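Here's the structure, in structure tokens; my notes come after.
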Amino acid sequence: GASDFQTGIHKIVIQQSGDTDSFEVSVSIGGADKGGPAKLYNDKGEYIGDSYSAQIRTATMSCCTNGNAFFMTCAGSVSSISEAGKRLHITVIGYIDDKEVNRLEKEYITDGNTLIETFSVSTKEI
């Protein structure tokens, strides 16, 4: 093939801003390889499992693999339980090896009701 085929190390970045104090945001982190579920690593470069979830309880976030993977997934949800006009922004970006290959952004504001929403950013599709 001589087209868009790059795999191996998968890396991901998340950001949040706005009312971080009063928004839970939780992502299941994971992937697979030629060898079962792929290992994931934290932003200290150290492995921490082959499945888990992490709540965004930082300003910025990222996770990475080692070699042997064929995607990484970062799929999650938001909630809030506060007054109206609490605004939020989320930026969710996926990378492989040395390129960016996926991004979306999302924005939420409380209207008076419970806030709930969901999102997902995978670095490979079929």
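No lab work stands behind these numbers, since they all come straight from the coordinates. Here the Cβ positions follow ideal geometry from the backbone for every residue, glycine too, while neighbour counts run over all protein chains shown.
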Could you figure out which of (1) under 16 Å from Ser122 (Cβ atoms); (2) of a type in the set (D, E, K, R); (3) in a loop (DSSP other than H, G, I, E, B) isn't true of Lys106? (3)
Output the residue which, of all residues in segment 116-126 that are surrounded by 13 or more Cβ atoms within 10 Å (Cβ to Cβ) and not aliphatic (A, V, I, L, M), is farthest from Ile12 (Cα to Cα). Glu117
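Would you please name the residue that is surrounded by the most Cβ atoms within 10 Å (Cβ to Cβ), looking only at residues in segment 97-115 that are farther than 24 Å from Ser22 by Cβ and free of Cβ contacts under 8 Å to residues at least 12 places away in the same chain? So that I can check it myself, show each step before the final result.
The first filter runs over segment 97-115 and keeps only residues farther than 24 Å from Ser22 by Cβ, leaving 97-103.
Imposing the further condition that a residue be free of Cβ contacts under 8 Å to residues at least 12 places away in the same chain reduces the set to 98, 100.
Details: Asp98: 9, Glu100: 12.
By that ranking, first place goes to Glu100.
Determine whether segment 38-46 contains at least one residue that is under 23 Å from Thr118 (Cβ atoms) and not hydrophobic (A, V, I, L, M, F, W, C).
Let us first name the residues in segment 38-46 that are under 23 Å from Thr118 (Cβ atoms), namely 38, 40.
When the remaining residues are screened for being not hydrophobic (A, V, I, L, M, F, W, C), the result is none.
The answer is no, given that none of the residues of segment 38-46 is under 23 Å from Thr118 (Cβ atoms) and not hydrophobic (A, V, I, L, M, F, W, C).
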Any residue in segment 76-96 that is assigned to a strand (DSSP E or B), within 21 Å of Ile9 (Cβ to Cβ), touching a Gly at 6+ places or on another chain (Cβ under 6 Å) and touching a residue at least 24 places away in the same chain (Cβ under 8 Å)? no
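Just give me the residues in segment 7-39 being surrounded by 12 or more Cβ atoms within 10 Å (Cβ to Cβ), of a type outside the set (D, E, K, R) and part of a loop (DSSP other than H, G, I, E, B), in sequence order.
Taking segment 7-39 first, the residues surrounded by 12 or more Cβ atoms within 10 Å (Cβ to Cβ) are 7-20, 22-33, 37-39.
Next, from what is left, pick out any that are of a type outside the set (D, E, K, R): 7-10, 12-18, 20, 22-23, 25-32, 37-38.
Scanning segment 7-39 gives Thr7, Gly8, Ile9, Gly31, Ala38.
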Could you list, in sequence order, the residues of segment 40-75 that are touching a residue at least 40 places away in the same chain (Cβ under 8 Å), surrounded by fewer than 13 Cβ atoms within 10 Å (Cβ to Cβ) and in a strand (DSSP E or B)? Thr60
